[PDB]
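The first residue in the sequence is number 1, and the count goes up from there. Any value given below was found using the heavy atoms of this structure, including those in side chains, with hydrogens, waters and symmetry copies removed.
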Amino acid sequence: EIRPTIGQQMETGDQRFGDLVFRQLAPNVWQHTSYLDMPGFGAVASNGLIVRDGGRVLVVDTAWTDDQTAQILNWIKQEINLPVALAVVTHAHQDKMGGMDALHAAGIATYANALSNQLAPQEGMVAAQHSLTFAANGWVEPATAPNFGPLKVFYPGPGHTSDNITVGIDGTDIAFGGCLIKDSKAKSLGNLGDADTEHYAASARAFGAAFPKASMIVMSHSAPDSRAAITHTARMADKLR
Ligand SMILES: Nc1nc(C(=O)O)c(CCc2ccccc2)s1
Ligand SMILES: [Zn+2]
Ligand SMILES: [Zn+2]
């Protein structure tokens with residue numbers, strides 16, 4: 001164990017490395033998984049991504065902690081041995097931004113929604129060093145996301161949080177919903193403490209429409225799923241209104 005209370009369990013094709021688990025999803029895409037031990041409840045998994053783009057690596061989301069995020073960088077060093085060009089973090093919660101200091105100490109440029117950077121200090125965390133802004137239809141303003149390569153950043157609207165962003169991986173059929181999207185077998189939308197219950201369903205559907213040909217949907221707290229994760233999330237969110 002490797003037996004989280006919440007989050008996917010270990011399957012064939014998963015690599016344990018330190019306290020983390022890594023799963024290759026495509027030739028150039030890996031999922032990183034880290035765990036927070038909650039007393040009396042057990043381990044909660046959080047997932048992000050590692051993408052190789054030629055001679056560099058791009059990261060989506062930190063681990064829960066600085067030490068776990070340093071372990072991600074160690075895995076990258078050992079298994080890929082290419083430099084990390086940048087990281088984009090997908091909202092101001094600990095599962096996504098808890099390891100900012102480790103990225104900064106390593107000299108990695110960090111990007112987040114401007115709103116995430118504005119909210120991070122109120123959540124006790126460190127803002128990314130660069131702010132992404134978005135058009136009225138949710139697409140990132142390209143001048144704020146320079147040299148992002150295959151990462152296609154989309155703000156779907158308020159849902160899990162007001163600042164949640166999503167990332168498509170161009171040249172693949174993978175899109176990352178972060179904590180907005182829950183899997184097709186989920187019984188709940190997870191933590192709604194900071195959620196916009198009015199707009200959640202439309203935001204989930206907007207993510208689906210932004211990446212209409214993505215067949216593998218990666219998410220923070222479950223194994224990758226089909227597009228039924230999007231439709232199931234939206235249907236659960238419909239019930240909040
Ligand atoms: N940091 C944490 N984020 C979340 C989240 O929802 O983003 C937590 C809830 C985990 C969960 C998810 C789905 C079903 C049941 C539980 S905890
Ligand atoms: Zn969150
Ligand atoms: Zn979360």
Side-chain angles (χ1 to χ4, degrees), residues 1-52 59-76 78-80 89-91 93-99 102 159-161 164 166-167 169 172-193 195 204 207 214-237:
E1 342 313 25
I2 77 261
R3 297 215 213 278
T5 303
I6 295 302
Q8 69 281 355
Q9 309 296 295
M10 192 126 186
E11 302 292 342
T12 183
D14 292 342
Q15 177 190 358
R16 180 112 181 254
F17 180 95
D19 303 313
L20 282 70
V21 171
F22 298 82
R23 180 177 188 76
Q24 194 169 23
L25 303 186
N28 64 327
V29 181
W30 299 258
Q31 185 182 252
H32 65 80
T33 303
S34 61
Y35 306 91
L36 185 74
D37 270 323
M38 300 202 77
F41 184 92
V44 177
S46 186
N47 301 325
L49 292 171
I50 305 169
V51 177
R52 179 178 174 175
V59 171
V60 183
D61 289 335
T62 74
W64 299 91
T65 71
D66 287 322
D67 184 71
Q68 293 167 0
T69 300
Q71 295 178 51
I72 296 173
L73 303 180
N74 290 339
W75 182 90
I76 293 170
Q78 290 198 12
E79 299 291 339
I80 304 173
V89 298
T90 63
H91 62 275
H93 280 162
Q94 191 193 349
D95 48 339
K96 315 281 82 192
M97 289 184 75
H160 167 72
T161 60
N164 54 203
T166 68
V167 186
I169 313 304
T172 81
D173 55 358
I174 297 168
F176 182 74
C179 310
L180 177 71
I181 302 299
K182 269 59 190 193
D183 69 274
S184 62
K185 305 309 180 198
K187 297 182 162 71
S188 75
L189 289 162
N191 178 26
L192 296 173
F207 165 75
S215 66
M216 181 191 312
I217 306 306
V218 181
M219 306 152 253
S220 294
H221 303 296
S222 305
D225 203 2
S226 70
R227 296 186 67 82
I230 302 167
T231 59
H232 183 61
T233 291
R235 283 172 53 81
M236 288 195 291

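- Closest of all the heavy-atom pairs between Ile72 and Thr62 is CD1-C, 4.5 Å.
- Between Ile169 and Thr172 the shortest heavy-atom distance is O-OG1, 2.7 Å.
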| task | For side chain to side chain contact (heavy atoms under 4.5 Å, CB included), just list the numbers for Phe207 and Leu180, CA-CA rounded to whole Å, side-chain angles, deciding distance to a tenth of an Å, and then say yes or no. | result | CA-CA 9 Å; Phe207 165 75; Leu180 177 71; 4.2 Å; yes

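- Counting heavy atoms from C-beta on, the side chains of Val51 and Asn28 come closer than 4.5 Å.
- Annotation: salt bridge (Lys or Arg N to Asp or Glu O under 4.0 Å) contacts involving residues 18-44, sequence neighbours excluded, comprise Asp14-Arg23.
- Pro224 places none of its side-chain heavy atoms less than 4.5 Å from the side chain of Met219.
- Nearest heavy atom pair, residue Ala186 against residue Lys182, reads CB-CB, 3.9 Å.
- Atom CZ of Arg227 is separated from atom OG of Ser215 by 8.5 Å, given to the nearest 0.5 angstrom.
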| query | Under the side chain to side chain contact (heavy atoms under 4.5 Å, CB included) criterion, do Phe176 and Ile181 qualify, and how do the steps go? | reply | CA-CA 9 Å; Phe176 182 74; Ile181 302 299; over 6 Å; no

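- We find the CE-CD1 distance between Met216 and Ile174 to be 4.5 Å, quoted to the nearest 0.5 Å.
- Here the shortest heavy-atom pairing between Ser46 and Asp95 reads OG-CB, 3.3 Å.
- From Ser222, atom OG reaches atom CG of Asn47 across 8.0 Å, with rounding to the nearest 0.5 Å.
- Applying the side-chain contact (heavy atoms from CB on, under 4.5 Å) criterion to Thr65, with sequence neighbours excluded, gives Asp67, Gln68, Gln94.
- Here the rule is side-chain hydrogen bond (donor to acceptor under 3.5 Å, both in side chains) with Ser184, and of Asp225, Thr233, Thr231 only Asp225 fits it.
- Judged by distance alone, the side chain of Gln9 and the main-chain N or O of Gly7 form a donor-acceptor pair under 3.5 Å.
- To the nearest 0.5 Å, atom NE2 of residue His91 and atom CG of residue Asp61 are 8.0 Å apart.
- Taking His32 as the reference, nothing meets the side chain to side chain donor-acceptor pair (under 3.5 Å) condition, with sequence neighbours excluded.
- The CD1 atom of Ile217 sits 4.0 Å away from the CD1 atom of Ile230 when rounded to the nearest 0.5 Å.
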| field | Check against side chain to side chain contact (heavy atoms under 4.5 Å, CB included), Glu79 and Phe22 | value | CA-CA 11 Å; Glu79 299 291 339; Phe22 298 82; over 6 Å; no

| field | Pair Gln15-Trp30, side-chain hydrogen bond (donor to acceptor under 3.5 Å, both in side chains): steps then yes or no | value | CA-CA 11 Å; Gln15 177 190 358; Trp30 299 258; over 6 Å; no

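- Using cut-offs of 30° and 60° on the angle between ring planes, the pair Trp64 and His221 is tilted.
- Side-chain contact between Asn164 and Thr90: absent, with no pair of heavy atoms (C-beta onward) separated by less than 4.5 Å.
- Considering every non-hydrogen atom in both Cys179 and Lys96, the closest pair reads SG-CD, 3.9 Å.
- Side-chain contact annotation: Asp183 with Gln8, donor-acceptor N/O pair under 3.5 Å absent.
- In plain terms, the two heavy atoms of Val218 and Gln31 that are nearest each other are CG1-OE1, 3.5 Å.
- Side-chain contact between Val59 and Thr69: absent, with no pair of heavy atoms (C-beta onward) separated by less than 4.5 Å.
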